[PDB]
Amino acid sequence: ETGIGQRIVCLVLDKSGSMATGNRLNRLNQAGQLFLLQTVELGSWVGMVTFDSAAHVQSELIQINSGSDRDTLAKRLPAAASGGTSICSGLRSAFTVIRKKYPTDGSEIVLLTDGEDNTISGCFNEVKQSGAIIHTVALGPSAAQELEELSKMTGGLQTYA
């Protein structure tokens, strides 16, 4: 959070090729739309990162004060799935997005992914150091175990699992 009590949240959204399977990308978009249009509270700072093998900042931190802010974030949810997978690239990019304004300690990441990534341990240290809270939504059934561990070690919530 900010020093004055505003939530800091970065959506980290898996748009990799595996997400083309089934309805995974539609479920990601549904979850992202619910979060952006209904759940996140007035006054929160909110950023958005997509990732395949590399991270793409869809939005720097912007504050939710109007329905236009929700809408402008929701219009940037990924339309298509392609490329490789690096959860860690997406999380590092989220940390950079947050740290343009604020510390990451007590900030939140909403990680929407199928979890099919066996290199997650590679950012454990950075994640522990960040103090961020990683919420994970597993959108497939073959999620690595390190996805859960991202949540467990940061105090985040786990869902679809």
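Residue positions are given as counts along the sequence shown, with the first one as 1.
Stretch with the greater mean C-alpha B-factor as recorded in the entry, comparing 116-124 against 98-106: Result of the comparison: 116-124.
Average Cα temperature factor in the PDB entry - higher stretch of 6-14, 147-155: The deposited B-factors put 147-155 ahead on the C-alpha mean.
Chain third (lowest, middle, highest) by recorded CA B-factor, residue given as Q58: Lowest third of the chain for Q58's C-alpha B-factor.
Within-chain third of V137 by Cα B-factor, per the entry: Lowest third - that is where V137 ends up once the chain's C-alpha B-factors are sorted.
Assigned third (lowest, middle, highest) for the C-alpha B factor of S93: CA B-factor rank for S93: middle third.
Third of the chain's Cα B-factor distribution that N26 belongs to, per the entry: According to the entry, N26 has a C-alpha B-factor in the chain's highest third.
Among modelled residues of the same chain, the CA temperature factor third for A79: Highest third - that is where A79 ends up once the chain's C-alpha B-factors are sorted.
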